[PDB]
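Q: Just dropping this structure here.
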Amino acid sequence: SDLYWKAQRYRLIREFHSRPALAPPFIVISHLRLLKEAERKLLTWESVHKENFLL
Amino acid sequence: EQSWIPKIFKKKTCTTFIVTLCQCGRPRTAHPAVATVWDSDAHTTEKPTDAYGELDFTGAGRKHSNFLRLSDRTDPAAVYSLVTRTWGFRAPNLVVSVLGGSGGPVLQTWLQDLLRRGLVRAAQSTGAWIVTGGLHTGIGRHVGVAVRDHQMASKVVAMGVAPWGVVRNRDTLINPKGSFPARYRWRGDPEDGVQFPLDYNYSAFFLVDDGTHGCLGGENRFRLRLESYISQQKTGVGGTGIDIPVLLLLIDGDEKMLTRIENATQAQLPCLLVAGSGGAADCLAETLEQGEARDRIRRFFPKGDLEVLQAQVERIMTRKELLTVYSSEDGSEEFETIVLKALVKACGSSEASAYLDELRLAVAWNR
Amino acid sequence: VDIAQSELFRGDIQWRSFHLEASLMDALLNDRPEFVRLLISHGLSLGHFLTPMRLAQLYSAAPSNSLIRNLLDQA
Ligand SMILES: Nc1ncnc2c1ncn2[C@@H]1O[C@H](COP(=O)(O)OP(=O)(O)OP(=O)(O)O)[C@@H](O)[C@H]1O
Ligand SMILES: [Ca+2]
């Protein structure tokens, strides 16, 4: 159960991350208002740690 | 501050013309009016350095890459003092040189892993200097890839030496007035044979000038001279420091590499040989572990039966104490122990004053 | 597999990518993890090796009426 909650914690955060800022009673206005080389460096960084981890 | 450099250093010129084609290796529209077997010094003209500067590679880079042109007949002390003093490079606790032709566009994956894992990390831990061909070709290219890869996973300084003639896009380098900044077409599309660009992994470059448009081996004499001088040099606080150890790493190659090691061995420079490197490297490893037979198979058939190679091997074995062989141990992936074992063996002393450098490395590495 | 490295890759014999290409294919089709590891370890240019035809061969090597075959058949 502890692991399951920790996993569901993400689903909660994502749900509220995209929710409009205003509260339900005032959410109406928000609805109305609604209507490269670094990556290569990063990947290399990942691989090095993987290689070290396996070794 | 750099105004001293042009006076101190000179760029050689072919000058005299020796037999369309020219033995001087610089067939131009017309050799000078002043202009047999062409000689490096007999048929050359020394002129003040006209290509010193700090390269700034186009696109991504550190915008800091010292580029200098110098004659082969130059004292290693001057360059070392300039590097240590002017460019601000710290005195190296260790300097390791890489040699070998490294035949083929790419090397074996395990060997590359050994290079990047062992050599680079060891140098980074102790802040050693890695000196290789200053060209994005062959062995030098592989080292640069290793250094680049290690840098991405973060520095390590790795100077480079290459003949001036073989360099590509030398126009941007040529600047008698000096080029504190400089744009280099390192992404040279035309792989025009001998002409090569400069790998941008290396922090500094030495363009050996010998009055040629491009040739191999011109930097060997200067290379060995610099290694010997550094080997006989103290780090920090002038002489109050300790000797800077030096090790030569050979990976495959040809008789030229065999000549280099023999000269290095005569120079009392410890050498290390990697098992499985290939021709010009496996033969010596076997000998440490008939001689004509190995030259036939271990070395290329051309000149393999020639006893000149066998004679060099005998001379090489004559001072086998200085050199040693790094057994891959089925890919050991660690060689700090091997390097230390080599240096202590090469010391051959007992005063314990010459072992401080080895001790420091032993401390720097966890061994 | 240990025998192959001990004998076939004792170092007394050179090797070529084309020499090992067939063996590699067999190991992949026969699920020989140790061998494929060993063959790749011997400096095999995998990128220059793999071909779309070879890739098709591998997928064709699915076991009998394996689930993957059903998906491939539907595809
Ligand atoms: N002096 C150099 N000359 C050429 N390539 C260099 C040099 N130093 C490092 N490199 C790297 O070596 C590789 C050269 O080959 P190439 O450019 O074809 O490969 P790449 O990384 O796939 O990039 P590209 O898109 O330019 O083809 C590149 O990664 C380039 O970044
Ligand atoms: Ca010493």
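Letters A, B, ... go to the chains of the structure tokens in the order shown; residues in each chain start at 1; ligands are counted from 1 in the same order.
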As a quick test: using only C-alpha atoms and all ligand atoms, which residues lie no more than 9 Å away from ligand 1? Give them as a PyMOL selection string.
A: chain B and resi 135-137+141+144-145+148+185-189+196-201
Q: Taking the DSSP assignment computed from this structure's backbone, write out as a PyMOL selection string all residues of range 27-74 of chain C that belong to helix (DSSP H, G or I).
A: chain C and resi 27-30+33-41+46-49+52-60+67-74
Q: Please produce a file of the residues just selected, as a CSV table (one decimal), in the first residue's frame, where the atoms kept are N, CA and C atoms.
A:
```csv
chain,number,residue,atom,x,y,z
C,27,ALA,N,23.3,-16.9,-33.8
C,27,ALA,CA,23.2,-16.8,-32.3
C,27,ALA,C,21.9,-16.0,-32.0
C,28,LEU,N,21.6,-14.9,-32.7
C,28,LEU,CA,20.4,-14.1,-32.5
C,28,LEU,C,19.2,-15.0,-32.7
C,29,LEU,N,19.2,-15.7,-33.8
C,29,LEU,CA,18.0,-16.6,-34.1
C,29,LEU,C,17.9,-17.7,-33.1
C,30,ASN,N,19.0,-18.2,-32.6
C,30,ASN,CA,19.0,-19.3,-31.6
C,30,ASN,C,19.0,-18.9,-30.2
C,33,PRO,N,22.6,-15.7,-25.8
C,33,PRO,CA,23.1,-14.4,-25.2
C,33,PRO,C,24.6,-14.4,-25.0
C,34,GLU,N,25.2,-15.4,-24.6
C,34,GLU,CA,26.7,-15.4,-24.3
C,34,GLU,C,27.4,-15.2,-25.6
C,35,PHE,N,27.0,-15.9,-26.7
C,35,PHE,CA,27.8,-15.8,-27.9
C,35,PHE,C,27.6,-14.4,-28.5
C,36,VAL,N,26.4,-13.8,-28.6
C,36,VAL,CA,26.3,-12.5,-29.2
C,36,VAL,C,27.1,-11.5,-28.4
C,37,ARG,N,27.1,-11.6,-27.1
C,37,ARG,CA,28.0,-10.8,-26.3
C,37,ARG,C,29.5,-11.0,-26.7
C,38,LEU,N,29.9,-12.2,-26.9
C,38,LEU,CA,31.3,-12.5,-27.2
C,38,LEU,C,31.6,-11.9,-28.6
C,39,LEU,N,30.7,-12.2,-29.6
C,39,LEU,CA,31.0,-11.8,-31.0
C,39,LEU,C,31.1,-10.3,-31.0
C,40,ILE,N,30.1,-9.5,-30.4
C,40,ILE,CA,30.2,-8.1,-30.4
C,40,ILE,C,31.5,-7.6,-29.7
C,41,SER,N,31.9,-8.3,-28.7
C,41,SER,CA,33.1,-8.0,-28.0
C,41,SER,C,34.3,-8.0,-28.9
C,46,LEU,N,28.6,-3.3,-35.6
C,46,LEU,CA,27.2,-3.7,-35.6
C,46,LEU,C,26.4,-2.7,-36.5
C,47,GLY,N,26.7,-1.4,-36.5
C,47,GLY,CA,26.0,-0.5,-37.3
C,47,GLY,C,26.1,-0.8,-38.8
C,48,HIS,N,27.3,-1.1,-39.3
C,48,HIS,CA,27.5,-1.6,-40.6
C,48,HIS,C,26.9,-3.0,-40.9
C,49,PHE,N,26.7,-3.7,-39.8
C,49,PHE,CA,26.2,-5.1,-40.0
C,49,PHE,C,24.7,-5.1,-40.3
C,52,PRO,N,18.0,-4.0,-43.2
C,52,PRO,CA,16.6,-4.2,-43.1
C,52,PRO,C,16.2,-5.6,-43.5
C,53,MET,N,16.8,-6.2,-44.4
C,53,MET,CA,16.6,-7.6,-44.7
C,53,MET,C,16.9,-8.5,-43.5
C,54,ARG,N,18.0,-8.3,-42.9
C,54,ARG,CA,18.4,-9.1,-41.7
C,54,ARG,C,17.3,-8.8,-40.6
C,55,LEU,N,17.0,-7.6,-40.5
C,55,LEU,CA,16.0,-7.3,-39.4
C,55,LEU,C,14.7,-8.0,-39.7
C,56,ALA,N,14.2,-8.1,-41.0
C,56,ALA,CA,13.1,-8.8,-41.3
C,56,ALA,C,13.3,-10.3,-40.9
C,57,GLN,N,14.5,-10.8,-41.2
C,57,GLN,CA,14.7,-12.2,-40.9
C,57,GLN,C,14.5,-12.5,-39.4
C,58,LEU,N,15.0,-11.6,-38.5
C,58,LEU,CA,14.9,-11.8,-37.1
C,58,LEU,C,13.4,-11.9,-36.7
C,59,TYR,N,12.6,-10.9,-37.2
C,59,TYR,CA,11.2,-11.0,-36.8
C,59,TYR,C,10.5,-12.2,-37.4
C,60,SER,N,10.9,-12.6,-38.6
C,60,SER,CA,10.4,-13.8,-39.2
C,60,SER,C,10.8,-15.0,-38.3
C,67,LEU,N,2.7,-15.1,-30.0
C,67,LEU,CA,1.8,-13.9,-30.0
C,67,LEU,C,2.3,-12.8,-30.9
C,68,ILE,N,3.7,-12.6,-31.0
C,68,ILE,CA,4.2,-11.6,-31.9
C,68,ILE,C,3.8,-11.9,-33.3
C,69,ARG,N,3.8,-13.2,-33.7
C,69,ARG,CA,3.4,-13.6,-35.1
C,69,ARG,C,2.0,-13.1,-35.3
C,70,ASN,N,1.1,-13.3,-34.3
C,70,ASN,CA,-0.3,-12.8,-34.5
C,70,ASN,C,-0.3,-11.3,-34.8
C,71,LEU,N,0.5,-10.5,-34.0
C,71,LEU,CA,0.5,-9.1,-34.3
C,71,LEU,C,1.1,-8.8,-35.6
C,72,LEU,N,2.2,-9.5,-36.0
C,72,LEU,CA,2.8,-9.3,-37.3
C,72,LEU,C,1.8,-9.7,-38.4
C,73,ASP,N,1.1,-10.8,-38.2
C,73,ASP,CA,0.1,-11.2,-39.2
C,73,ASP,C,-1.0,-10.1,-39.4
C,74,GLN,N,-1.5,-9.6,-38.2
C,74,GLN,CA,-2.5,-8.5,-38.3
C,74,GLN,C,-1.9,-7.3,-38.9
```
Q: Would you list the residues that come within 8 Å of ligand 2? Count only C-alpha atoms and all ligand atoms and give the answer as a PyMOL selection string.
A: chain B and resi 242-245+343-344+347+353-358
Q: Residues of the last selection are to be written out with C-alpha atoms, as an mmCIF file, in the first residue's frame.
A:
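The file below, selection_15.cif, is the result:
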```
data_model
loop_
_atom_site.group_PDB
_atom_site.id
_atom_site.type_symbol
_atom_site.label_atom_id
_atom_site.label_comp_id
_atom_site.auth_asym_id
_atom_site.auth_seq_id
_atom_site.Cartn_x
_atom_site.Cartn_y
_atom_site.Cartn_z
ATOM 1 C CA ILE B 242 60.200 16.871 -7.533
ATOM 2 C CA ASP B 243 60.875 15.390 -10.946
ATOM 3 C CA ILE B 244 57.862 15.157 -13.255
ATOM 4 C CA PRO B 245 57.414 11.500 -14.283
ATOM 5 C CA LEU B 343 57.590 3.876 -12.969
ATOM 6 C CA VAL B 344 58.994 2.201 -9.856
ATOM 7 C CA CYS B 347 63.413 4.288 -11.276
ATOM 8 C CA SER B 353 64.320 10.958 -3.222
ATOM 9 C CA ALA B 354 63.477 9.994 -6.813
ATOM 10 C CA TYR B 355 60.393 8.071 -5.632
ATOM 11 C CA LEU B 356 58.472 11.092 -4.327
ATOM 12 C CA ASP B 357 56.871 11.584 -7.740
ATOM 13 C CA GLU B 358 55.822 7.934 -7.841
#
```
Q: Compile the contact shell of residue 15 in chain B as a VMD selection string: residues with an atom at most 8 Å away, counting only C-alpha atoms, same-chain residues fewer than 6 positions apart removed.
A: chain B and resid 31 to 32 34 to 35 43 to 45 211
Q: Could you save those same residues with N, CA, C and O atoms as a PDB file, in the first residue's frame?
A:
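Produced file out-v9.pdb, reproduced below:
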```pdb
ATOM      1  N   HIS B  31      59.947  28.449 -56.499  1.00  0.00           N
ATOM      2  CA  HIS B  31      60.757  28.567 -55.303  1.00  0.00           C
ATOM      3  C   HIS B  31      61.575  29.854 -55.362  1.00  0.00           C
ATOM      4  O   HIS B  31      61.843  30.381 -56.445  1.00  0.00           O
ATOM      5  N   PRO B  32      61.975  30.395 -54.203  1.00  0.00           N
ATOM      6  CA  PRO B  32      62.667  31.692 -54.201  1.00  0.00           C
ATOM      7  C   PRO B  32      63.858  31.731 -55.146  1.00  0.00           C
ATOM      8  O   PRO B  32      64.418  30.689 -55.500  1.00  0.00           O
ATOM      9  N   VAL B  34      66.844  32.372 -54.777  1.00  0.00           N
ATOM     10  CA  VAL B  34      68.033  31.695 -54.267  1.00  0.00           C
ATOM     11  C   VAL B  34      67.983  30.212 -54.613  1.00  0.00           C
ATOM     12  O   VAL B  34      69.009  29.599 -54.935  1.00  0.00           O
ATOM     13  N   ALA B  35      66.798  29.615 -54.553  1.00  0.00           N
ATOM     14  CA  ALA B  35      66.631  28.205 -54.880  1.00  0.00           C
ATOM     15  C   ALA B  35      66.881  27.987 -56.367  1.00  0.00           C
ATOM     16  O   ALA B  35      66.598  28.859 -57.189  1.00  0.00           O
ATOM     17  N   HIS B  43      68.566  22.691 -46.375  1.00  0.00           N
ATOM     18  CA  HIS B  43      67.808  23.382 -47.409  1.00  0.00           C
ATOM     19  C   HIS B  43      66.559  24.036 -46.836  1.00  0.00           C
ATOM     20  O   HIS B  43      65.472  23.917 -47.409  1.00  0.00           O
ATOM     21  N   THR B  44      66.701  24.727 -45.706  1.00  0.00           N
ATOM     22  CA  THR B  44      65.590  25.423 -45.079  1.00  0.00           C
ATOM     23  C   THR B  44      66.017  26.830 -44.689  1.00  0.00           C
ATOM     24  O   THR B  44      67.201  27.099 -44.471  1.00  0.00           O
ATOM     25  N   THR B  45      65.034  27.722 -44.600  1.00  0.00           N
ATOM     26  CA  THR B  45      65.242  29.092 -44.154  1.00  0.00           C
ATOM     27  C   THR B  45      64.388  29.342 -42.921  1.00  0.00           C
ATOM     28  O   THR B  45      63.181  29.078 -42.933  1.00  0.00           O
ATOM     29  N   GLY B 211      59.728  23.663 -43.025  1.00  0.00           N
ATOM     30  CA  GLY B 211      59.791  24.028 -44.430  1.00  0.00           C
ATOM     31  C   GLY B 211      59.196  22.983 -45.346  1.00  0.00           C
ATOM     32  O   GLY B 211      59.764  22.691 -46.406  1.00  0.00           O
TER      33      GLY B 211
END
```
Q: For residue 19 in chain C, find every residue with an atom within 12 Å (counting only C-alpha atoms), except residues of its own chain fewer than 5 positions away, and show them as a ChimeraX atom specification.
A: /C:13-14,24-25,39,42,44,49
Q: Can those selected residues be exported to a file as a compact mmCIF listing (two decimals), in the first residue's frame so that it contains N, CA and C atoms?
A:
```txt
# COMPACT_ATOMS: atom_id res chain seq x y z
N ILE C 13 44.03 -17.01 -34.41
CA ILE C 13 43.32 -16.86 -35.68
C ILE C 13 42.71 -15.47 -35.73
N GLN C 14 42.92 -14.78 -36.84
CA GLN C 14 42.26 -13.51 -37.08
C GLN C 14 40.78 -13.74 -37.36
N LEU C 24 26.87 -14.50 -35.96
CA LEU C 24 26.02 -13.59 -35.20
C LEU C 24 24.55 -13.85 -35.49
N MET C 25 24.20 -13.92 -36.77
CA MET C 25 22.80 -14.15 -37.13
C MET C 25 22.28 -15.43 -36.49
N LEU C 39 30.70 -12.21 -29.60
CA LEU C 39 30.97 -11.77 -30.97
C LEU C 39 31.08 -10.26 -31.04
N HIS C 42 34.25 -8.80 -29.97
CA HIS C 42 35.39 -8.92 -30.87
C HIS C 42 35.31 -7.90 -31.99
N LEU C 44 33.16 -6.02 -33.63
CA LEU C 44 32.24 -6.17 -34.75
C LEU C 44 31.47 -4.87 -34.96
N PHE C 49 26.67 -3.72 -39.83
CA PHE C 49 26.20 -5.09 -39.99
C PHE C 49 24.70 -5.13 -40.25
```
Q: If you count only C-alpha atoms, which residues fall within 7 Å of range 122-133 of chain B, apart from same-chain ones fewer than 3 positions away, as a PyMOL selection string?
A: chain B and resi 92-99+118-119+140+155-162+336+361+364-365
Q: Okay, now the selection with N, CA and C atoms, as a JSON list (two decimals), in the first residue's frame?
A:
```json
[["chain", "number", "residue", "atom", "x", "y", "z"],
["B", 92, "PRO", "N", 52.70, 19.97, -14.60],
["B", 92, "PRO", "CA", 52.00, 18.68, -14.61],
["B", 92, "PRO", "C", 52.60, 17.72, -13.60],
["B", 93, "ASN", "N", 51.74, 17.20, -12.72],
["B", 93, "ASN", "CA", 52.17, 16.13, -11.82],
["B", 93, "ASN", "C", 52.54, 14.87, -12.59],
["B", 94, "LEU", "N", 52.04, 14.73, -13.81],
["B", 94, "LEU", "CA", 52.39, 13.60, -14.66],
["B", 94, "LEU", "C", 52.15, 14.00, -16.11],
["B", 95, "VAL", "N", 52.96, 13.44, -17.00],
["B", 95, "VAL", "CA", 52.80, 13.66, -18.43],
["B", 95, "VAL", "C", 52.91, 12.30, -19.12],
["B", 96, "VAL", "N", 51.88, 11.95, -19.89],
["B", 96, "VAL", "CA", 51.83, 10.67, -20.59],
["B", 96, "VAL", "C", 51.63, 10.95, -22.07],
["B", 97, "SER", "N", 52.47, 10.35, -22.90],
["B", 97, "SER", "CA", 52.41, 10.53, -24.34],
["B", 97, "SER", "C", 51.81, 9.30, -25.00],
["B", 98, "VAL", "N", 51.01, 9.52, -26.03],
["B", 98, "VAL", "CA", 50.37, 8.45, -26.78],
["B", 98, "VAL", "C", 50.98, 8.40, -28.17],
["B", 99, "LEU", "N", 51.40, 7.21, -28.58],
["B", 99, "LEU", "CA", 52.00, 7.01, -29.89],
["B", 99, "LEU", "C", 51.40, 5.76, -30.52],
["B", 118, "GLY", "N", 40.81, 4.26, -18.41],
["B", 118, "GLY", "CA", 42.09, 4.29, -17.74],
["B", 118, "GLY", "C", 42.81, 5.61, -17.88],
["B", 119, "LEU", "N", 43.22, 5.95, -19.10],
["B", 119, "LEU", "CA", 44.12, 7.08, -19.29],
["B", 119, "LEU", "C", 43.48, 8.38, -18.84],
["B", 140, "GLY", "N", 45.24, 10.21, -32.45],
["B", 140, "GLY", "CA", 44.88, 11.48, -31.85],
["B", 140, "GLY", "C", 43.39, 11.71, -31.82],
["B", 155, "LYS", "N", 38.83, 20.09, -15.31],
["B", 155, "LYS", "CA", 38.99, 19.50, -16.64],
["B", 155, "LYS", "C", 40.37, 18.87, -16.79],
["B", 156, "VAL", "N", 40.62, 18.29, -17.96],
["B", 156, "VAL", "CA", 41.89, 17.65, -18.28],
["B", 156, "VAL", "C", 42.52, 18.39, -19.43],
["B", 157, "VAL", "N", 43.80, 18.71, -19.29],
["B", 157, "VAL", "CA", 44.55, 19.40, -20.34],
["B", 157, "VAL", "C", 45.32, 18.36, -21.14],
["B", 158, "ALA", "N", 45.20, 18.42, -22.46],
["B", 158, "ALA", "CA", 45.88, 17.48, -23.36],
["B", 158, "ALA", "C", 46.44, 18.27, -24.53],
["B", 159, "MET", "N", 47.72, 18.60, -24.45],
["B", 159, "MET", "CA", 48.37, 19.35, -25.52],
["B", 159, "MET", "C", 48.58, 18.46, -26.74],
["B", 160, "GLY", "N", 48.82, 19.10, -27.88],
["B", 160, "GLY", "CA", 48.98, 18.39, -29.13],
["B", 160, "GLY", "C", 50.17, 18.90, -29.91],
["B", 161, "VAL", "N", 50.79, 17.99, -30.65],
["B", 161, "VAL", "CA", 51.94, 18.29, -31.50],
["B", 161, "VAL", "C", 51.67, 17.72, -32.88],
["B", 162, "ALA", "N", 51.88, 18.53, -33.91],
["B", 162, "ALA", "CA", 51.67, 18.10, -35.28],
["B", 162, "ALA", "C", 52.53, 18.94, -36.20],
["B", 336, "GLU", "N", 46.36, 2.03, -13.36],
["B", 336, "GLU", "CA", 47.15, 2.82, -12.42],
["B", 336, "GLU", "C", 48.21, 1.96, -11.76],
["B", 361, "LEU", "N", 51.81, 10.11, -7.14],
["B", 361, "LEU", "CA", 50.85, 9.46, -8.02],
["B", 361, "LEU", "C", 50.13, 8.34, -7.28],
["B", 364, "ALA", "N", 47.66, 10.11, -5.28],
["B", 364, "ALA", "CA", 46.57, 10.68, -6.07],
["B", 364, "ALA", "C", 45.59, 9.60, -6.50],
["B", 365, "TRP", "N", 46.10, 8.53, -7.11],
["B", 365, "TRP", "CA", 45.28, 7.36, -7.33],
["B", 365, "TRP", "C", 45.05, 6.66, -6.00]]
```
Q: Record the distance separating CA of residue 13 in chain B and CA of residue 174 in chain B, expressed in Å with one decimal.
A: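 Going from CA of residue 13 in chain B over to CA of residue 174 in chain B, I get 13.5 Å.
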Q: If you count only C-alpha atoms, which residues fall within 12 Å of residue 289 in chain B, apart from same-chain ones fewer than 3 positions away, as a PyMOL selection string?
A: chain B and resi 275+282-286+317+320+324-327
Q: Counting only C-alpha atoms, collect the residues of chain B whose closest atom lies at most 12 Å from chain C, and write them out as a compact mmCIF listing (two decimals) with N, CA and C atoms, in the first residue's frame.
A:
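Just written: part.txt:
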```
# COMPACT_ATOMS: atom_id res chain seq x y z
N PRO B 105 40.05 3.53 -39.76
CA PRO B 105 39.30 4.71 -39.32
C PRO B 105 38.93 4.67 -37.85
N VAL B 106 38.64 3.49 -37.31
CA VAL B 106 38.23 3.34 -35.92
C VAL B 106 39.03 2.21 -35.29
N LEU B 107 39.18 2.28 -33.98
CA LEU B 107 39.89 1.28 -33.20
C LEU B 107 38.91 0.34 -32.52
N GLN B 108 39.45 -0.73 -31.94
CA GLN B 108 38.60 -1.71 -31.27
C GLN B 108 37.88 -1.06 -30.09
N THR B 109 36.63 -1.47 -29.88
CA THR B 109 35.82 -0.85 -28.84
C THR B 109 36.45 -1.02 -27.47
N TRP B 110 36.93 -2.23 -27.16
CA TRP B 110 37.54 -2.45 -25.85
C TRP B 110 38.74 -1.54 -25.66
N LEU B 111 39.57 -1.41 -26.69
CA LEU B 111 40.75 -0.56 -26.59
C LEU B 111 40.36 0.89 -26.35
N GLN B 112 39.33 1.36 -27.05
CA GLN B 112 38.85 2.72 -26.81
C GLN B 112 38.36 2.87 -25.38
N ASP B 113 37.63 1.87 -24.88
CA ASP B 113 37.15 1.94 -23.50
C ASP B 113 38.31 2.00 -22.53
N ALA B 275 48.85 -4.66 -24.70
CA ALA B 275 48.64 -5.93 -25.38
C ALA B 275 47.46 -5.83 -26.33
N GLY B 276 47.60 -6.45 -27.50
CA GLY B 276 46.55 -6.43 -28.50
C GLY B 276 46.46 -5.15 -29.30
N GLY B 278 48.33 -4.10 -31.75
CA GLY B 278 48.48 -4.44 -33.15
C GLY B 278 49.92 -4.46 -33.62
N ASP B 282 52.39 -5.59 -30.67
CA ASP B 282 52.31 -6.98 -30.22
C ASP B 282 53.67 -7.66 -30.28
N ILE B 297 54.95 -12.02 -39.07
CA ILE B 297 53.54 -12.07 -38.73
C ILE B 297 53.13 -10.89 -37.86
N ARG B 298 53.85 -10.65 -36.76
CA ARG B 298 53.50 -9.52 -35.90
C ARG B 298 53.64 -8.20 -36.64
N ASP B 330 42.33 -9.53 -20.29
CA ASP B 330 40.97 -9.64 -20.80
C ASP B 330 40.20 -8.35 -20.55
N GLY B 331 40.86 -7.22 -20.81
CA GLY B 331 40.26 -5.93 -20.56
C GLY B 331 40.22 -5.56 -19.09
```
Q: Residues of chain A within 7 Å of chain B, counting only C-alpha atoms - could you list those as a list in words?
A: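 Putting it all together, I get residues 41, 44, 45 and 48 of chain A.
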Q: Atoms to include: N, CA, C and O atoms. Write the selected residues as a CSV table (one decimal), in the first residue's frame.
A:
```csv
chain,number,residue,atom,x,y,z
A,41,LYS,N,25.3,15.9,-24.5
A,41,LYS,CA,26.0,15.9,-23.2
A,41,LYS,C,25.3,15.1,-22.2
A,41,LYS,O,25.9,14.3,-21.4
A,44,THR,N,25.5,11.2,-22.9
A,44,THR,CA,26.8,10.8,-22.5
A,44,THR,C,26.9,10.6,-21.0
A,44,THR,O,27.4,9.6,-20.5
A,45,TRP,N,26.3,11.6,-20.3
A,45,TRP,CA,26.4,11.5,-18.8
A,45,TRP,C,25.6,10.3,-18.3
A,45,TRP,O,26.1,9.6,-17.4
A,48,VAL,N,27.7,7.0,-19.0
A,48,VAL,CA,28.9,6.8,-18.2
A,48,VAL,C,28.5,6.2,-16.8
A,48,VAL,O,29.1,5.3,-16.4
```
Q: Within 12 Å of residue 263 in chain B, counting only C-alpha atoms, which residues qualify if same-chain residues fewer than 2 places away don't, as a list in words?
A: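 That gives residues 220, 221, 222, 223, 224, 225, 227, 228, 248, 256, 257, 258, 259, 260, 261, 265, 266, 267, 268, 269, 270, 271, 312, 315, 316 and 319 of chain B.
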Q: Measuring atom to atom with only C-alpha atoms, identify which of B:314, B:115, B:363, B:299 is nearest to residue 332 in chain B.
A: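 Of B:314, B:115, B:363, B:299, the one nearest residue 332 in chain B, counting only C-alpha atoms, is B:115.
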